[PDB]
Ligand SMILES: C[C@@H]1O[C@@H](O[C@H]2[C@H](O[C@H]3[C@H](O)[C@@H](O)[C@@H](O)O[C@@H]3CO)O[C@H](CO)[C@H](O)[C@@H]2O)[C@@H](O)[C@H](O)[C@@H]1O
Ligand SMILES: [Zn+2]
Ligand SMILES: [Zn+2]
Ligand SMILES: [Zn+2]
Ligand SMILES: [Zn+2]
Ligand SMILES: [Zn+2]
């Protein structure tokens with residue numbers, strides 16, 4: 033049980049005679065590093081060795097490698113709310129839960145994000161960004177085809193048929209072969225793939241109920257040309273999203289900043305809209321986001337400073353402002369100083385990039401509608417492996433996503449059983 037209190041954390045910042053060196057690994061270096069530099073300017077006794085680990089997939093592999101070796105482990109490591117679980121459960125991350133941290137830091141982060149940095153009763157990071165889904169819509173393409181900005185999945189299907197019949201070089205959307213992209217869609221329609229009761233007790237529902245109905249719908253979209261299966265955040269995707277291959281793109285809202293940075297030619301052409309409803313339920317959403325975690329290997333005498341750094345970077349009012357100023361005037365932060373500020377909710381676009389200037393209001397409404405009735409499995413790294421091996425190959429116009437989900441569930445059941453988890457599935 034961690035005895036580093038909220039007061040001990042604050043003392044690491046005030047006790048400036050106690051010099052500390054922290055090694056920090058991050059994959060979102062572009063967005064985060066300027067605010068890291070601001071930390072170092074403000075607290076020169078805490079020196080940050082900031083390591084840009086490149087792409088997230090490489091970062092997580094590198095971190096697992098050093099943890100398994102028990103050598104050369106960073107003190108602080110970027111995590112995300114749907115990838116940290118297997119690191120937390122395996123003991124790679126410091127569980128810094130205690131009453132005083134819980135009491136103090138729970139007030140600093142919006143409740144949806146704060147819940148998600150817990151796992152199995154431990155506390156494993158400070159939330160960084162929230163990532164409510166938004167639908168980035170090429171309004172120019174829809175206008176050309178006399179199509180409305182879609183508000184539901186039913187609209188995506190019916191309008192997507194018309195679009196692709198009239199212009200077979202464009203699709204209404206992409207079904208991205210990425211575990212976050214894919215699970216975000218299920219979460220955003222209230223379709224549980226699984227339920228976690230405790231660290232060693234899980235239920236898989238990948239082939240029944242609302243999940244099965246949604247999978248059937250996605251396969252019909254693939255079969256009929258409404259969605260195209262493909263990768264996201266690859267060169268293939270980058271070409272497509274620049275060329276207008278997808279009239280809609282339903283994604284975590286950090287993409288809103290990515291378009292401003294990588295796609296200047298799309299200025300004025302997109303509207304940012306709410307993600308779609310399903311079956312005449314009110315629309316729901318999903319938020320994941322990054323978090324900053326401390327390694328279990330972090331030396332005891334550096335832990336207070338490591339926690340002080342993660343809390344400062346992710347919640348200090350100056351830090352939150354830096355996140356805005358260094359990311360085109362907006363970055364969607366989980367800290368309550370951002371989330372509870374009506375002027376962030378009503379913040380108007382000033383750069384002319386999106387065709388609607390109320391982008392943050394769309395993001396905030398989506399955040400309000402995040403589906404919190406959800407947990408990630410303890411072995412999310414294995415989930416991603418099985419997804420790549422079993423589900424991704426079926427994401428095509430002749431695929432069988434329904435059958436693939438059932439086979440993936442069987443593989444995850446065997447993995448769970450082999451690793452000491454109690455597991456039920458809807459196939460039992
Ligand atoms: C790993 C993801 O972390 C969160 O998303 C962050 C987003 O991550 C992207 C990486 O920067 C990129 O290298 C590659 O791995 O794609 C990732 C998206 O899946 O990066 C932005 C900045 O551009 C933010 O830092 C996001 O927090 C999380 O929300 C995702 O679901 C993933 O777990
Ligand atoms: Zn150093
Ligand atoms: Zn708690
Ligand atoms: Zn067209
Ligand atoms: Zn390629
Ligand atoms: Zn400050």
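Residue numbers (the entry's author numbering): 33 to 460.
Yeah, the Cβ is synthetic: ideal placement off N, Cα and C, and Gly gets one too.
query	result
So who's on the other strand from residue 170, going by DSSP bridges?	302
How is the alpha helix (DSSP H) around residue 257 delimited, first residue to last?	Segment: none, residue 257 is in no alpha helix (DSSP H) and carries neither H nor E.
So the alpha helix (DSSP H) residue 43 belongs to, where does it begin and stop?	38-46
Reducing DSSP to helix, strand and coil, say where residue 385 ends up.	coil
Applying the criterion that 16 or more other CB atoms from any shown protein chain within 10 Å of the CB defines a buried residue, is residue 288 buried or exposed?	buried
Assuming the contact rule is C-beta atoms closer than 8 Å, residue 422 and residue 443 should be a hit. Round their C-beta distance to whole Å, please.	6 Å
Where does the unbroken alpha helix (DSSP H) through residue 413 begin, and where does it stop?	412-418
Go to residue 112, then tell me how far its alpha helix (DSSP H) extends in each direction, as first and last residue.	Where residue 112 is concerned, there is no enclosing alpha helix (DSSP H), although the beta strand (DSSP E) it sits in stretches over 108-112.
What are the start and end residues of each continuous beta strand (DSSP E) run of 3 or more residues lying completely inside the stretch 164-238, in chain order?	165-170, 205-208, 226-230 and 233-236
So, at 8 Å on beta carbons, what are the nonlocal neighbours of residue 202 in its own chain, with the 5 sequence-adjacent residues on each side left out?	173, 195, 196, 276, 277, 278 and 279
Reducing DSSP to helix, strand and coil, say where residue 161 ends up.	strand
Relative to ligand 5, is the shortest distance from any of its heavy atoms to the C-beta of residue 260 smaller than 6 Å?	no
Can you give me the C-alpha to C-alpha distance between residue 45 and residue 361, rounded to a whole angstrom?	28 Å
Are residue 307 and residue 220 closer than 7 Å when you measure CB to CB?	yes
Measuring alpha carbon to alpha carbon, tell me which residue in 386, 295 and 391 is nearest residue 379.	391
Answer yes or no: the CB of residue 373 versus the heavy atoms of ligand 6, is any distance below 6 Å?	no
Is residue 150 a contact residue of ligand 3, with contact defined as CB to any heavy atom under 6 Å?	yes
Leaving aside the five residues before and after residue 134 along the sequence, list all residues of the same chain whose C-beta is less than 8 Å from its C-beta, in chain order.	155
Short of 6 Å in beta carbon distance, which residues of its chain neighbour residue 337, apart from the five on each side in sequence? Order them along the chain.	44, 52 and 78
Out of 383, 300, 347 and 167, which one is the CA nearest neighbour of residue 369?	347
Quick one: using the 10 Å Cβ neighbour count with 16 as the cut-off for buried, is residue 350 buried or exposed?	exposed
For residue 359, does the count of other Cβ atoms within 10 angstroms reach 16, so buried, or fall short, so exposed?	buried
Which residue comes first and which comes last in the beta strand (DSSP E) that contains residue 53?	52-58
So the candidates are 107, 323 and 123; which of them puts its Cα closest to the Cα of residue 100?	123
Out of 312, 343 and 328, state which residue places its alpha-carbon closest to the alpha-carbon of residue 33.	328
Here's the rule: buried if 16 or more other CB atoms are within 10 angstroms of the residue's CB, otherwise exposed. What is residue 311?	exposed
Please work out which residues of its chain come closer than 7 Å, Cβ to Cβ, to residue 128, disregarding the five sequence neighbours upstream and downstream, and give them in chain order.	34, 36, 155, 326 and 339
If I measure Cβ to Cβ from residue 438 and keep anything under 6 Å in the same chain, skipping five residues before and after, which residues do I get?	239
Would you say residue 53 touches ligand 2, meaning its beta carbon is less than 6 Å from a heavy atom?	yes
Using only the alpha-carbon positions, how far apart do residue 332 and residue 98 sit?	18 Å
Quick test of your reading: residue 283 and residue 364, contact by CB under 8 Å. State the CB separation rounded to the nearest angstrom.	That pair is no contact at about 13 Å.
Sort out for me which residues DSSP pairs residue 452 with in a bridge.	Note: residue 452 sits in no beta bridge, so no partner.
Taking 6 Å as the cut-off, is the C-beta of residue 176 nearer than that to any heavy atom in ligand 4?	yes
Output the boundary residues of the alpha helix (DSSP H) element that contains residue 284.	No alpha helix (DSSP H) contains residue 284, which is instead part of the beta strand (DSSP E) from 280-284.
Which partner residues does residue 408 have in the DSSP bridge list?	None; residue 408 has no bridge partner.
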